[PDB]
Amino acid sequence: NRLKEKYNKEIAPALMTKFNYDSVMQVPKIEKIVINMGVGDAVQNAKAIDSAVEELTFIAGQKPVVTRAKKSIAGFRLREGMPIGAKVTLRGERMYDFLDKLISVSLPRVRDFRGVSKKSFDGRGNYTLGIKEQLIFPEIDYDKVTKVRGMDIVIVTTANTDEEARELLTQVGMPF
Amino acid sequence: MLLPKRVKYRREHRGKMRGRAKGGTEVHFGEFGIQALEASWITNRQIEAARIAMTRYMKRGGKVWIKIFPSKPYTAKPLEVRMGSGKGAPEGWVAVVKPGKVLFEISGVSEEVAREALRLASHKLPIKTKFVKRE
Amino acid sequence: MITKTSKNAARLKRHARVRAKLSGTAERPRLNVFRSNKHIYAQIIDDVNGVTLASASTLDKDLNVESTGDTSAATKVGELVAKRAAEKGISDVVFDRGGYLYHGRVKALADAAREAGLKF
Amino acid sequence: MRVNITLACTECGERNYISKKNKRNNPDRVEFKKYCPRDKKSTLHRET
Amino acid sequence: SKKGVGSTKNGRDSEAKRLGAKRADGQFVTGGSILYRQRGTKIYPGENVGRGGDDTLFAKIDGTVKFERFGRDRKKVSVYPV
RNA sequence: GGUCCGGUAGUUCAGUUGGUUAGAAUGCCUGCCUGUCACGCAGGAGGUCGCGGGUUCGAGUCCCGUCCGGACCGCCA
RNA sequence: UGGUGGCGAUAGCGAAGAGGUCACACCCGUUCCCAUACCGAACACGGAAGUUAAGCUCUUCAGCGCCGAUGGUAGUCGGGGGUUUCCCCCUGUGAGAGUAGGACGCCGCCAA
RNA sequence: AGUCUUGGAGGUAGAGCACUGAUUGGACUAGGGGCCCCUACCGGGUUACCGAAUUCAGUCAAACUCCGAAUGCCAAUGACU
RNA sequence: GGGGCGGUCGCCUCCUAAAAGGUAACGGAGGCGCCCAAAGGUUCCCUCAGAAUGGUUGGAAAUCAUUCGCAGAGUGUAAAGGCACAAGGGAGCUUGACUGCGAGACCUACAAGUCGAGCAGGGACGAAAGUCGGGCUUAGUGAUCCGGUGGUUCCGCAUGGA
């Protein structure tokens, strides 16, 4: 919200001038911020996913969906039909409300921090985070936490190449 | 001794031979080649013997090309048995060679020695042959 | 950018799917709808000869409203196309949603046609 | 295993329909609604 | 003397069914007659010809039969009323 | 030449059926015991399943072929 | 220019370039209809801030894909021979992977 | 019933690689042998000594077919027998 | 391809099969004696396998995000035919996995086997059109006699019952 208004006011004009897009609305934009959860279950502990779901709901703004595994694999003893992982999508005002928490408090609150992954990009503007702890905002009832597994986080943009997204994330406020 | 490392079936019809070869009728990789002017079968032992008769004589002169593969197996019932009651086991691989097919080709070697060496090897094959060279 | 398929492109597949089952013959023509962002079109079509019979639209040259695309416009255009069928009266048609979902302005149009008396 | 079963009804004793079923999947006495001929309408058919 | 062999285990097969078209292009047909006893939708039905439960094609209205290409590769049967 | 069996720790046999776990004696190693050795007492490691191919989420344990041996038959003139 | 049909992709895929007052489409926000096995991108909902960027519509092209007889042949119906697992002659018949080239759209009906 | 004309289904001979397999060479490199050292090879330097994957060329198949006849077969039309 | 021994005996898929159908051999390859209350019916909505790149616990593969991707993936199972306008995948409702039938036609020595529009009675789905008389098509199954069980507006040996 705050960020978004700022996105309308300062970010889009600045980088539109910096790249010379003839059409203004061609400017890159964050499309979605999506969360994935994965629990080594195959089932290892049936309560693991049944805990991760309603901790991730607090972490995000709304309930996730339990991911239905695609195909069976005996390497992990993962039979097809035993649920693993959970997903929640975020967009609209919610994605900016989420990025707000992240950039302002979460990354600086990591057990240790330096500049985020230098070349985590995929190649076409998408970009991913691997954060190991659930310490995202400090008011989680953090004493509840038994397992320490953090989040897999993907930010998806309308960028067509890595350079523009790299530049955009700067004034969005991500360190590198 | 060219084994096909695998095959879809280990038994199939003997088939028939009619007309010229479908492809590979002229030299394509070597300076000179050898051609067969009637239809017949050709087996691992034949190609192996001819190959050795070629290369061991030619020594360091160059390289020899083989355009043949005995993908076809052929069966034979066990010795001393009444015929019938199931196709016999397979014990050899064979390559169909219609007339016009060029079998072997030589590269990087003088003309006369290739001529006489191909003549030498031809006696290993059971088939009337004709010397042939690239256009 | 993220490969977003055209909305009309997606709609065309559904429209072809539904069209596969039915079509409007002589004395049993087919109604049709376009649910454009800014306008709504209606058509009475005879498949076999490949020509329309009568049509109606929000942007027709009379009876306009500031809606021109909302449910009120759908009702008005529906009764309009009912009259446009009436003068060269057919009295029956096979409905064919334009690969849409029968809940909204399409329902308003269908209700208008029914109450006007085009027996589906 | 699949075992044969004949269908029965409470609206009227005369019932005729047959079917198959798995004991493991449906241990409970199953119900279907079907057209009885002699009652000349649809009714709820149990099994015997 | 003699020697023993066996275990062919191949002398079996299904009592094969008949598959083919039994109305000729231009033949007059009567309603309910069979046109093509395919196995799988080898040729789709056109106007006035149905599609049976076992992928069979039968004429709904008595008339004349006609075969014609469907699209690039596929075929289709039709019955044209006389 | 045919039919049937099997092939697992270094040795001998279970499991080999339970498709979803490799086990029991002996041997061997360390320690204790004895003046020393042998018994004996504590502990411990091992094979990853004759070979190759295939089905299956998963093969030791299912189906094929190849090697190995073992059982039976190989008769009428 | 939109809508909606028939035609074998000679209509496709690519590469470039033009358009938008109107039409279309992106867009704006979920207030109530409806919905996201999580969500107003999607479903629907009610507008019209700005944009031809994309879609869509037009101009160009043989890079790919597609279509394509002419004479050849291989095969082959029917006759006739031969030293006959296979070859050859005569009346026809006629392969396809190859080029001659066609093509980067043609026909409609309702609304401008 | 034969023949002439028209229309059909049908995937053989043939041909071919577009699919499924088999399969020969060139280019190329991932990955393996290749010893040295630093040494857990961290990596370099490592033979064409093998060598997957691609692309250029090339050869095969009753259970391969983007193709596909000749004949045979099923009918309609009329014409002669 | 003498008997004995070995093997086989019914059904389903393909090749052998000579471009209709049919066509044998102790010819060449596989499968069946089931399974599914949803893996059926209907309405509605999509779309795959594999690969590359970023992402931790987590690699060759778990679960994510982008791109490529005509079908390599799926279709209960064995092969073939056919299927991305779904016959593949998902959700809601539902039991037509109905009764009486059936113009015609296929296949056929007989016995049987197969499809079938269309009609009536009641439904299920959907606003409607309209679909539904079991699986996406082909196997998953046997005569008659005798006996068991349910309904019977049938007969029941002088008559009424049995």
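Use the structure listed above.
Residues numbered from 1 in each chain as written, not as in the entry; some residues may be left out. Chains lettered and ligands numbered in written order. Part of a larger assembly, values for the part shown. Heavy atoms only, no water.

**Quick notes on the overall build of chain B**
Alright, step 1. Scanning chain B for helices and strands turns up two helices and seven strands.
Alright, step 2. For chain B, the N- to C-terminal ordering of α and β elements is β-β-α-β-β-β-β-α-β.
Alright, step 3. Projecting the C-alpha coordinates of chain B onto the three principal axes gives extents of approximately 55 × 30 × 25 Å.
Alright, step 4. Counting over 135 residues, chain B shows a buried share of 35%.
Alright, step 5. If you take every contact in chain B between residues at least 6 apart in sequence, the share linking residues at least 24 apart comes to 82%.
Alright, step 6. Accessible area for chain B stands at about 9,100 Å²; split by element, carbon and sulfur atoms hold 57% of it.
Alright, step 7. Measuring between centres, the 30 positive side-chain charges of chain B sit 8 Å from its 12 negative side-chain charges. (Helix = DSSP H or I, 4+ residues; strand = E, 2+ residues; numbered from the N terminus. Buried < 20%, exposed > 50% of the residue type's maximum accessible area, 1.4 Å probe, protein only. Contact = heavy atoms within 4.5 Å. Areas by Shrake-Rupley, 256 points an atom, 1.4 Å probe, with all protein chains shown as cover. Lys, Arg positive; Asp, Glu negative; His and termini not counted. Charge placed at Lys NZ, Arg CZ, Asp CG, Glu CD.)

**Quick word on the environment of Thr43(D)**
Residues and elements named next belong to chain D.
Alright, step 1. In this fold, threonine 43 is placed in strand β4 (residues 41-47).
Alright, step 2. For the pair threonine 43 and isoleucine 18, spaced 25 residues apart in sequence, the C-alpha to C-alpha distance is 15 Å.
Alright, step 3. Leaving out residues up to four positions away in the same chain, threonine 43 has contacts with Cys9, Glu11, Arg15, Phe32, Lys33, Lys34 and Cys36.
Alright, step 4. Within polar-contact distance, the side chain of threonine 43 engages the side chain of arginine 15 at 3.2 Å. (Polar contact = N/O pair within 3.5 Å; in protein donor to acceptor, adjacent residues only side chain to side chain.)

**Observations concerning helix α1 (residues 44-58) of chain B**
Alright, step 1. Counted at 1.5 Å a residue, the expected span for α1(B) with its 15 residues is 21 Å, and the 21 Å between its end C-alpha atoms agrees.
Alright, step 2. Within α1(B), burial applies to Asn44(B), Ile47(B), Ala50(B), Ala53(B), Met54(B) and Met58(B). (Expected span 1.5 Å × (residues − 1).)

**A few points about the sheet that holds strand β7 (residues 129-133) of chain B**
Residue and element names in this part refer to chain B.
Alright, step 1. As summarised here, the arrangement of the four strands in space is β3-β6-β1-β7, forming an open sheet in which the pairing is antiparallel. The strands lining the two open edges of the sheet, one partner per strand, are β3 (63-66) and β7. Geometrically, the sheet is characterised by an average inter-axis angle of 20 degrees between neighbouring strands, direction not taken into account.
Alright, step 2. As paired strands, strand β1 (residues 32-36) and β7 are joined by five bridges and run antiparallel to one another. Paired with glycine 33 across the strands is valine 132, a residue of β7. (Pairing = 2+ DSSP bridges. Axes fitted to C-alpha atoms, helices over the stretch in contact; angles between N-to-C directions.)

**Quick notes on a nonpolar patch on the surface**
Residues and elements named next belong to chain B.
Alright, step 1. On the surface, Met1, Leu2, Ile66 and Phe69 cluster together to form a nonpolar patch covering roughly 360 Å² of accessible area.
Alright, step 2. As for its placement among the helices and strands, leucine 2 is situated in the segment before β1.
Alright, step 3. What makes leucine 2 partly exposed here is its relative accessible area of 30%. (Patch = residues over 30% accessible without salt bridge, like charges linked within 9 Å, V, L, I, M, F, W, Y side chains within 5 Å. Salt bridge = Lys/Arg side-chain N within 4 Å of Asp/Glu carboxyl O.)

**Observations regarding a positive patch on the surface**
Alright, step 1. Taken together, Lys4(C), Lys7(C), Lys13(C), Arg14(C), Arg17(C), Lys21(C), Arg35(C) and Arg97(C) make up a surface patch of like positive charges.
Alright, step 2. Note on placement: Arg14(C) falls in helix α1 (residues 7-19).

**What to know about the arrangement of the chains**
Alright, step 1. Considering every one of the two pairs of chains in contact, the largest contact total is recorded for chains B and E.
Alright, step 2. No part of chain B reaches chain C; the closest C-alpha pair between them is 42 Å apart.
Alright, step 3. Taking C-alpha atoms only, the smallest gap left between chain C and chain D, which are not in contact, amounts to 29 Å.

**Here's the deal with unusual backbone geometry**
Alright, step 1. Unlike most non-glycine residues, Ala42(A) shows phi in positive territory, near 45 degrees.
Alright, step 2. Relative to the assigned elements, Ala42(A) resides in the loop between β1 (30-37) and α2 (46-59).
Alright, step 3. Positive phi, close to 40 degrees, is recorded for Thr68(C), a residue that is not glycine.
Alright, step 4. Considering the arrangement of structural elements, one finds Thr68(C) in the loop between β3 (51-57) and α2 (71-87).

**What to know about the nonpolar core**
Alright, step 1. Counting residues in hydrophobic clusters, the biggest one holds 44 residues, and the most contacted among them are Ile33(A), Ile35(A), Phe98(A) and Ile153(A).
Alright, step 2. Within the residue set of this core, elements represented by two or more residues are α1 (2-19), β1, α2, β3 (86-90), α3 (93-106), β4 (127-131), β5 (151-157) and α4 (162-172) of chain A.
Alright, step 3. In this structure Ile35(A) touches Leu56(A), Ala60(A), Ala86(A), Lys87(A), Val88(A), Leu90(A), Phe98(A), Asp152(A) and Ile153(A), once residues within four positions along its chain are discounted.
Alright, step 4. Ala50(B), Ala114(B), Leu125(B) and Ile127(B) belong to the second largest nonpolar core, which has 21 residues in total. (Core = buried A, V, L, I, M, F, W, Y, C linked by side-chain atoms within 4.5 Å.)

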